[PDB]
Amino acid sequence: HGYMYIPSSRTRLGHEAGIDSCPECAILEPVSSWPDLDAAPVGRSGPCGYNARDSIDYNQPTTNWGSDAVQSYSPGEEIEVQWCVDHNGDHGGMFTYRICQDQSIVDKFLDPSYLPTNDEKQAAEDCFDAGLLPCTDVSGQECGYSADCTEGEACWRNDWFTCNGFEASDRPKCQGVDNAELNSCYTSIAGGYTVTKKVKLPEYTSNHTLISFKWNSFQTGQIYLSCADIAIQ
Ligand SMILES: *[C@@H]1O[C@H](CO)[C@@H](O)[C@H](O)[C@H]1NC(C)=O
Ligand SMILES: [Cu+2]
Ligand SMILES: [Zn+2]
Ligand SMILES: [Zn+2]
Ligand SMILES: [Zn+2]
Ligand SMILES: [Zn+2]
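Residues numbered from 1 in each chain as written, not as in the entry; some residues may be left out. Chains lettered and ligands numbered in written order. Heavy atoms only, no water.

A.B. asks: I'm lost on the overall build of the chain in this one. Help?
C.D. replies: For the chain, the helix and strand inventory stands at four helices and 10 strands. Helices and strands in the chain line up, N terminus first, as β-α-β-β-β-β-β-α-α-β-α-β-β-β. Computed over C-alpha atoms, the radius of gyration of the chain comes to 16 Å, within 12% of the 17 Å expected from 2.2 N^0.38 for 233 residues, which places it in the range of a compact globule. For the chain, the C-alpha atoms occupy an extent of roughly 45 × 35 × 30 Å along the three principal directions. Scored against the burial criterion, the 233 residues of the chain give a buried share of 56%. Carbon and sulfur atoms form 43% of the exposed surface of the chain, whose accessible area is close to 9500 Å². (Helix = DSSP H or I, 4+ residues; strand = E, 2+ residues; numbered from the N terminus. Rg over C-alpha atoms; globule rule 2.2 N^0.38 Å. Buried < 20%, exposed > 50% of the residue type's maximum accessible area, 1.4 Å probe, protein only. Areas by Shrake-Rupley, 256 points an atom, 1.4 Å probe, with all protein chains shown as cover.)

A.B. asks: I tried to follow the UniProt feature "domain: Chitin-binding type-4" in the chain on my own but got confused; where do I start?
C.D. replies: If you check UniProt for "domain: Chitin-binding type-4", the listed places come out as residues 1-230 in our numbering. Annotation note: span residues 1-230, helix share 12%, strand share 25%, distance between end C-alpha atoms 24 Å. (UniProt positions renumbered as here; feature names shortened; annotations may be inferred.)

A.B. asks: Explanation requested: the site of ligand 1 in the structure shown.
C.D. replies: The environment of ligand 1 is made up of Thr205, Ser206 and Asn207. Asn207 places a side-chain nitrogen or oxygen 2.3 Å from an oxygen atom of ligand 1. Isolated, ligand 1 exposes 360 Å² of accessible area, and the fraction of that covered by the protein chains is 28%. (Near = heavy atom within 4 Å. Polar contact = N/O pair within 3.5 Å; in protein donor to acceptor, adjacent residues only side chain to side chain.)

A.B. asks: Where do I start with the pattern of salt bridges in this structure?
C.D. replies: Side-chain pairs of opposite charge can arise where the charged atoms are in close proximity. Applying the stated criterion to the full structure yields seven salt bridges. A salt bridge links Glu16 to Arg12; its shortest N-O distance comes to 2.9 Å. One end of the pair, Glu16, and the other, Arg12, are both in helix α1 (residues 10-16), four residues apart, so they sit about a helical turn from each other. For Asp57, the salt bridge is made with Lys121, and the minimal N-O distance between the two is 2.7 Å. Of the two residues, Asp57 is situated in strand β3 (residues 56-57) and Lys121 in helix α3 (residues 118-130); the sequence distance between them amounts to 64 residues. Here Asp57 falls in the buried class, since its relative accessible area comes to 14%. A residue is classified by how much of its surface remains accessible, and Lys121, at 2% relative accessible area, is buried. Each of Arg98, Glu125 and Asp129 takes part in salt bridges that share partners, so that together they form one network. (Salt bridge = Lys/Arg side-chain N within 4 Å of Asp/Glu carboxyl O.)

A.B. asks: Looking at this structure, how should I read the state of the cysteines?
C.D. replies: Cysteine pairs can be covalently joined through their sulfur atoms, and such a bond is termed a disulfide. Per the stated rule, a full pass over the model turns up seven disulfides. Two residues share a disulfide in this structure: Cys84 and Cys185, whose sulfurs sit 2.0 Å from each other. Its S-S torsion of approximately 95° makes the covalent link between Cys84 and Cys185 right-handed. The burial state of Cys84 is the same as that of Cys185; both residues are buried. A sulfur-sulfur distance of 2.0 Å marks the disulfide that ties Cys135 to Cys143. Looking down the S-S bond of the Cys135 and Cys143 bridge, the torsion is -90°, so its handedness is left-handed. (Disulfide = S-S within 2.5 Å.)

A.B. asks: Before we go on, may I ask you to explain the environment of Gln82 in this structure?
C.D. replies: Mapping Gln82 onto the fold places it in strand β5 (residues 78-86). The spatial distance from the C-alpha of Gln82 to the C-alpha of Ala39 is 24 Å, given a sequence separation of 43 residues. If we ignore the near neighbours within four places in the chain, the residues touching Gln82 are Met4, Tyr5, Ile6, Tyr97, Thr194, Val195 and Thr196. Within the structure, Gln82 has its side chain in polar contact with the side chain of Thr196 (distance 2.9 Å). (Contact = heavy atoms within 4.5 Å.)

A.B. asks: Would you mind showing me how to read the coordination of the zinc ion (ligand 6) here?
C.D. replies: Four donors placed tetrahedrally about a metal ideally form angles of 109.5 degrees, and six donors placed octahedrally ideally form angles of 90 or 180 degrees. Summarising the metal site, the zinc ion (ligand 6) is bound by the protein donors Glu142 (OE) and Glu142 (OE), whose distances to it range over 2.0 to 2.7 Å. With respect to the helices and strands, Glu142 occurs in the loop between α3 and β7 (161-162). (Donors = N, O, S within 2.8 Å, 3.2 Å for Na, K, Ca; no water.)

Spelled out as structure tokens, the structure:
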């Protein structure tokens, strides 16, 4: 149970708007999330998430999210990206952030009068994958391999970020990464912990595009997807 926190995602804004009672509850399941991180289709969840708790499809804007960029950044900027894990739903695993570079695909997620089809959602996922923001593109960031993977498996990749070992790495699981305090970010079930990294943006400008967050659970056959509206200017 988790969702993208900084820049503020559609899911964060939906909670803040009184629409989403459980932002951390937006789940793609059941899926094979491990060890082949990109295998499972995204179905209804798409790159922005679907929350079955209150039946919210974040892939299309509403009066409460998706109309405009929440934050503007510069081309090639190394930016802070943060997600929030609930105290009772820290499943370990690996996560990543992506920007789809095809504005024509992105634009299908920016129209309040249009709901993308499941095919469109998968096409977008494939574009996001081609635009993954590698951990190792940030100068000085340490990009480890997962304690829950072995060499050469499909999970053995440090473009993605990893949570700590589900034994610990001292500081087990996702919460161990920042080792932050409880309620450092909002979750509804048991209170949230931050999970904070940097990514390097691409070098083109756009007035309105999307970062999509994807977290592949280790403990469970679940994927957590969110997206944030951003500008690169
Ligand atoms: C954003 O849109 C405004 C108004 O059309 C334009 O002046 C500006 O150049 C655009 N920015 C981009 C394309 O990064
Ligand atoms: Cu969970
Ligand atoms: Zn609140
Ligand atoms: Zn993918
Ligand atoms: Zn694969
Ligand atoms: Zn190093």
